[PDB]
Amino acid sequence: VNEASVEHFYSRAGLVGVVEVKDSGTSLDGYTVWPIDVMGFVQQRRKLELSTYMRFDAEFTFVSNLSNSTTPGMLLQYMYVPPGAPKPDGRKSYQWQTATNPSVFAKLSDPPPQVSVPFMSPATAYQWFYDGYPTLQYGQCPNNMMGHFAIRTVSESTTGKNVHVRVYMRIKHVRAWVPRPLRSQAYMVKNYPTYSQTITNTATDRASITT
Amino acid sequence: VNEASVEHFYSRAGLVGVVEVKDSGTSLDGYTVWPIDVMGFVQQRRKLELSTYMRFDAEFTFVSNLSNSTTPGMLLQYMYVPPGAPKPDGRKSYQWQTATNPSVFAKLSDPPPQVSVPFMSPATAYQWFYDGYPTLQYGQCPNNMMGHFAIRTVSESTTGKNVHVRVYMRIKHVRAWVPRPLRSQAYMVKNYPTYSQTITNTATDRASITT
Amino acid sequence: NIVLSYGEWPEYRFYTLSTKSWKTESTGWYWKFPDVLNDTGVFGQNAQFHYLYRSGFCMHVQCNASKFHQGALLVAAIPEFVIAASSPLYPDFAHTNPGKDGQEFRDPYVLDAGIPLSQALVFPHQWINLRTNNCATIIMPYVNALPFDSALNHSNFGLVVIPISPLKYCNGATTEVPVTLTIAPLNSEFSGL
Amino acid sequence: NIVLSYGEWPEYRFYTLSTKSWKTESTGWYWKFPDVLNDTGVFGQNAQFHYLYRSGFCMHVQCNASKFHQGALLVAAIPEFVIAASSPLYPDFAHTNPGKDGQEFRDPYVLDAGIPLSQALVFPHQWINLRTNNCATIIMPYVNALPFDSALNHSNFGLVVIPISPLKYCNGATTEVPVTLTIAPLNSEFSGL
Amino acid sequence: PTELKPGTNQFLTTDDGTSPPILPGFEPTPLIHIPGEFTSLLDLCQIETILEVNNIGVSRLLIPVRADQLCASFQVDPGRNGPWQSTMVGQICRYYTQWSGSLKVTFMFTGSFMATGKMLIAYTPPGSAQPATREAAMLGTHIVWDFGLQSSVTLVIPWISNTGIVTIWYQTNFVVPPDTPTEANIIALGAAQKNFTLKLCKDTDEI
Amino acid sequence: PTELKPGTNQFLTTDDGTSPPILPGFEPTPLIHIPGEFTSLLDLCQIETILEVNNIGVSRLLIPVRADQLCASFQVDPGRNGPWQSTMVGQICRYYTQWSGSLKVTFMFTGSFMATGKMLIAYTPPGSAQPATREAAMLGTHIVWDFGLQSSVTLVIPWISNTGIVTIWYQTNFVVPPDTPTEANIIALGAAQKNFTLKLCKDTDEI
Amino acid sequence: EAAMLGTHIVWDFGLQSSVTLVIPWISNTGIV
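As annotated in the PDB entry, chain C is Genome polyprotein from Coxsackievirus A6. Here the PDB entry's recorded title is "Structure of Coxsackievirus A6 (CVA6) virus procapsid particle".

Naming follows the PDB entry, where chain A appears as Genome polyprotein of Coxsackievirus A6.

The following block contains the structure:
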């Protein structure tokens, strides 16, 4: 009864993204910018597309460690660049100091940080299916973007160790609108519906209709 | 009075299993899957068989350390694969990312993690004695299985250290049904009643019945 | 009888589009509209001049065939209906805004959305079974995330007519069966002239 | 007097099985049943055809012997009674479903369950002491984890009769003592024909 | 100030809790009424959707009828595979582990208005093997459905917990006047009943 | 916010606490009535179970009677060893350290209906040595039990805290008509009383 | 066993020395 519900069907934390700062090797950057995308994995893309419209709050958790699993104390900054704000160029860029970008300072020895992101869209609800041109652009609604998370180790110059991060998002206070079928065809491109020319059948074949 | 009770007779935490991830040696796996079994030790098998039917909640605690007892900070994942879900193939398998398998991220420097597992059976209560064929299969009821715990260190490739885990389960909110004798004969095979052909006597011998 | 989409009345004249011939081999059609009426009528001039509008619709599909013809049609109204481009990528503008004369499905089975047609019954729908009934009627309230939007850019919903069971007739009968559509705007509003 | 197992009445005709001869050397018997009546009677055809059933039983053991015979029997009803296979492994199907003619214990001392016979008095039981009384009666309610189950696959309980104290008689007396069993199903139900 | 820390301390269980908001004072856009809200996944099951009984394209949804034979048969289990794999009820059952309840099936005869005939629609319990003759199929649960009188009929499968068989038998023959097409079709529509329920959770193997 | 951490902090004591559920929203299968529930281990003691007085198989449960001698004797302590090791009361006393209360013993004469005789059943306090003659055994606690009149008798051992001796003496002789078997048996049934109690805990050495 | 399923009475000597079986209606033949 209550175990199948739109509130309970979109519930538990799941892995949205996997990022790496990687300043050790030929890549000396020491920072990364990760756009917030709920559809990055095809199985969570398919569940969110059971609804045309959704309105929810987000819960982000950052599980971070080095490559050998050891978590020595070292200081990281998790910033949040809301939609419409410029993204850092480098580790020393002045765009890490902006007071309107909320940031979290937490060591790798601490429990994983977590924060809540309110509903960001100008429209009443996120719409995963948009028909028409907003202004290649067919079906592309700019209202959905939730912003970015920029992550860097706080250091003067070039620490030689790579940091692996895993982001866990949890949908909260979810409301859904008009129902929609579940996709039969395999996804191809990230943003669009386009499907391969070889149509695969929904139901599996048998010898004859008798049995 | 209250010190001998079915609630108080099955009570305190006890050692259900001892597992090792062992990625250091010729075994490079770095993960292990442990099926939840309350009867793994013969003395807790004998106490649970004082009842035919039981219904209870579980409490699992994971005490983990390296081989030399030192517990350096390193990140482990304890997942839980409920009955009916596929088990990880390897350390990098995609079955660690499934959102419906609850998992716990806790370092070796932390207090031991603990979680609670609800009553999982389709039947009203677990039945430790089943008569008849469900479909070798004699007395084998599939309804009892509680699932698995898959454990791995979170790392990119091959950390060279072995981790020893000890699992402590605690029976909660226990209800029991029709009483049964306590086994006299020694156990042989894990699942079945089968007993050795040499019958050992319950009461110890004396010279004569006079004294 | 009347089908009321999503149990809402569209609270806040009849346009007869040209007839389609449904031959035994035809694969179906979709009109995808606020759009069908943009280029026709007095409703079509309002849609050009005003910068925002809110409107519901009432649409009526009717099929003229004898008692010796047989077949069936599924008539559905699908909100935010988005067309996909089958690989060997983007759909052409003729497909994404077919006009008043509609477009004919390339793949009726996936509805060119990648979603299966078996489950298309989750949307507001009717059946035309040539023995049972010749007509289907659907009232569609205004569904959008915003209270107002643009008529030229955004298409609120499509209307889709798939011949699920092919048309059969004995020799001598009329080869094609006319299928005609009638749209009456309900409770339309405009702003920003 | 009557023994009511576990204080429950089985709320929601008489079948006389063939007679067993209890000789001085016999080791006892077990009928293990929903099963005894599967192959006999009108109850046996219901158990084949319906896919689920719920039933309680009433069973009556009676022993005909003179005043010069002596001995004793323990009569118990044991739920979920599971047979074990003694090493020099699985019990054969003849042992796990003995039928209407019952099976004879290999080891009466452990009841072939590995559990001791001394403590078998924890189950619903009676004594037949040939001087005191010739009969024992037990009413068994339906015990299961589920409200319904299958008659062919699952056996709810066994019935076990062990000659604890061997039979003795002087020369000239009848060598064997007949032991007969009578089963009346109480409050049986069926579904899924 | 006297607190102490038990064994459950300081780990991520990936299950519910509370967290501080990242932007305080941010006021999100207010709600408006949108139609078509659905609060449950048990009302998406109850709506009948075509089930694919023929194993070819859109022809896979239809069983043909031509002029005491078995027309078609299919099993009643939504979860596993086969026809129910194209229904909505069978696609959401792949997200859960265990479903229990009663089902529903509907047939529509698509042939001509002038055509007359009769069919036999039988159901078999989960334990039994399917009937090998229509006379054996008649003694069980069945409905005798006459085309000319009624164009659609409904068979309700009784309780089933997580499998039965539905067999369609020609009775009599498919009778047509002159100048009427001799072949027709039937579409089958499956749906959950009101008492259907879903349990545990799982990750679909469809994607 | 002012809290501080005392010396009891952050260890596993393997004793009671609370923990978060691993699956929220999971609804387990509801309860139904099952008969035969037992909430205590003191009511499993009160039920009489055969105790093994003869040291051979099922013959170990019986004391023979044949045609002023001591038939048999056994000590009354459930915990240690011997006859009480086969009772239910003596198997649960191996899980605890200390038991205190009163016991009960019952005898059943299995011989023929035509046989007549008499016995003497005596009990000795824990400090005394057992009687060497039936006349010394008579002066203490005893019951004189006549077969032909009564087939079963009960001896209640008074309070004992965590040991007495029960001795059975032939009085008179075992008298039988012609054509009646000359040997008989007696089974002994031990059980706890209503005031029996169990203390501490331990791990059985039986397994 | 075939005779048991029909009409029968099980008569114990030691308890009772005489028993009665009533044949139901017959019009002008059964077997005992």
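Trainee: Is there a simple way to explain the overall build of chain C in this structure?
Mentor: Each helix and strand counted, chain C has 2 helices and 11 strands in total. Start at the N end of chain C and walk to the C end: the helices and strands fall as β-β-β-β-α-β-β-α-β-β-β-β-β. Taken over the C-alpha trace, chain C has a radius of gyration of 17 Å; the compact-globule value for 193 residues is 16 Å, and the two agree within 12%. A principal-axis box enclosing the C-alpha atoms of chain C has dimensions of 55 × 40 × 30 Å. Classification of the 193 residues of chain C by burial places 59% in the buried group. Side chains of chain C give 10 positive and 14 negative charges; the mean places of these two sets differ by 10 Å.

Trainee: Explain the sheet that holds strand β7 (residues 141-146) of chain E here, please?
Mentor: Backbone-to-backbone hydrogen bonds join strands into a sheet, with any given pair of strands oriented parallel or antiparallel. Residue and element names in this part refer to chain E. Sheet architecture is open: 4 strands sit in the order β3-β10-β6-β7, paired in antiparallel fashion. The open sheet has two edge strands with one neighbour each: β3 (70-75) and β7. On average, adjacent strands in this sheet sit at an angle of 15° to one another, irrespective of strand direction. Note that strand β6 (residues 116-124) and strand β10 (residues 165-175) share 8 bridges and pair antiparallel. Considered in β10, the bridge of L120 is made with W169.

Trainee: So what exactly am I meant to see when it comes to helix α1 (residues 41-49) of chain D here?
Mentor: Residues spaced three or four apart along an α-helix face the same direction, because each turn holds 3.6 residues. Residue and element names in this part refer to chain D. Those residues of α1 lying buried are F43, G44 and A47. What you see down the axis of α1 is that its buried residues fit within an arc of 100°, all on one side. Turned more than 90 degrees away from the buried face of α1 sit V42 and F49, all of them exposed. The elements touched by buried residues of α1 are β2 (15-16), β5 (52-63) and β11 (177-191).

Trainee: Which parts of the structure should I look at to understand empty space enclosed by the protein?
Mentor: A probe as big as a water molecule, rolled over the atoms, marks out the empty space that is left. One number sums up the size of the largest cavity: a volume of about 170 Å³. Listing elements by their share of the lining of the largest cavity, those giving two or more residues are β3 (53-65) of chain A together with β5 (103-107) of chain B. The space that makes up the second largest cavity amounts to roughly 110 Å³. The wall of the second largest cavity is formed by 14 residues, among which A13 and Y168 of chain A together with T98, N101 and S103 of chain B lie closest to the centre. Grouping the amino acids of the lining of the second largest cavity by side-chain chemistry returns 6 nonpolar, 6 polar and 2 charged.

Trainee: Just checking my understanding: could you explain the pattern of salt bridges for this structure?
Mentor: With the rule as written, the count across this model stands at 36 salt bridges over all chains. In this structure, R45 of chain B and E49 of chain B form a salt bridge, with 3.4 Å as the shortest nitrogen-oxygen distance. Here the two residues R45 of chain B and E49 of chain B agree in accessibility, since each one is buried. Note that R170 of chain B is salt-bridged to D16 of chain F, the shortest N-O span being 3.5 Å. Here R170 of chain B is found in the loop between β9 (164-169) and β10 (172-176), whereas its partner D16 of chain F is found in the segment before β1 (49-50) on a different chain. Take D16 of chain F: its relative accessible area is 63%, and that puts it in the exposed class.

Trainee: What is the right way to read a nonpolar patch on the surface from this model?
Mentor: Residue and element names in this part refer to chain G. Taken together, the side chains of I9, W11, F13, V19, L21, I23, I26 and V32 define a hydrophobic patch exposed on the protein surface, amounting to about 860 Å² of accessible area. Structurally, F13 is set in the segment after α1 (2-5). In this structure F13 comes out as exposed when scored by relative accessible area, which is 60%.

Trainee: Would you take a moment to explain the nonpolar core for this structure?
Mentor: Most often, soluble globular proteins keep nonpolar side chains buried together rather than apart. Core analysis: the largest hydrophobic core is formed by 97 residues, its most contacted members being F56, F60 and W128 of chain B together with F107, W145 and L198 of chain F. For this core, the element with the highest residue contribution is strand β3 (residues 53-65) of chain B, accounting for 5 residues. For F107 of chain F, the residues in contact, after removing those within four places along its chain, are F74, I121, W145, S151, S152, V153, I168, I186, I187 and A188 of chain F. With 93 residues, the next largest nonpolar core counts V21 and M169 of chain A together with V76 and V153 of chain E among its residues.

Trainee: Is there a simple way to think about the arrangement of the chains in this case?
Mentor: One finds no contact between chain B and chain C; the C-alpha atoms of the two approach each other to within 24 Å at their closest. Chain G makes no contact with chain A, the minimum C-alpha separation between the two being 42 Å.

Trainee: Looking at this model, I keep getting lost on the side chain of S121 of chain A. Mind explaining?
Mentor: Structurally, the position occupied by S121 of chain A is in the loop between β6 (114-117) and β7 (126-127). Given the relative accessible area of 2%, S121 of chain A is considered buried. A polar side-chain atom of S121 of chain A sits 3.4 Å from the main-chain carbonyl oxygen of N143 of chain A. Other than its neighbours up to four places away in sequence, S121 of chain A contacts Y126 and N143 of chain A together with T29 of chain E.

Reading guide: rules and limits
- Residues numbered from 1 in each chain as written, not as in the entry; some residues may be left out.
- Chains lettered and ligands numbered in written order.
- Part of a larger assembly, values for the part shown.
- Heavy atoms only, no water.
- Helix = DSSP H or I, 4+ residues; strand = E, 2+ residues; numbered from the N terminus.
- Rg over C-alpha atoms; globule rule 2.2 N^0.38 Å.
- Buried < 20%, exposed > 50% of the residue type's maximum accessible area, 1.4 Å probe, protein only.
- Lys, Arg positive; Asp, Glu negative; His and termini not counted.
- Charge placed at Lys NZ, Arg CZ, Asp CG, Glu CD.
- Pairing = 2+ DSSP bridges.
- Axes fitted to C-alpha atoms, helices over the stretch in contact; angles between N-to-C directions.
- Arc of directions from axis to C-beta.
- Contact = heavy atoms within 4.5 Å.
- 1 Å grid on protein atoms, 1.4 Å probe; cavity = no way out; pocket = protein on both sides within 12 Å on 5 of 7 lines; lining within 4 Å.
- Points joined across faces, edges and corners; volume = space filled by probe spheres on them.
- Nonpolar A, V, L, I, M, F, W, Y, C, P; charged D, E, K, R; others polar.
- Salt bridge = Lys/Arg side-chain N within 4 Å of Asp/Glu carboxyl O.
- Patch = residues over 30% accessible without salt bridge, like charges linked within 9 Å, V, L, I, M, F, W, Y side chains within 5 Å.
- Areas by Shrake-Rupley, 256 points an atom, 1.4 Å probe, with all protein chains shown as cover.
- Core = buried A, V, L, I, M, F, W, Y, C linked by side-chain atoms within 4.5 Å.
- Polar contact = N/O pair within 3.5 Å; in protein donor to acceptor, adjacent residues only side chain to side chain.

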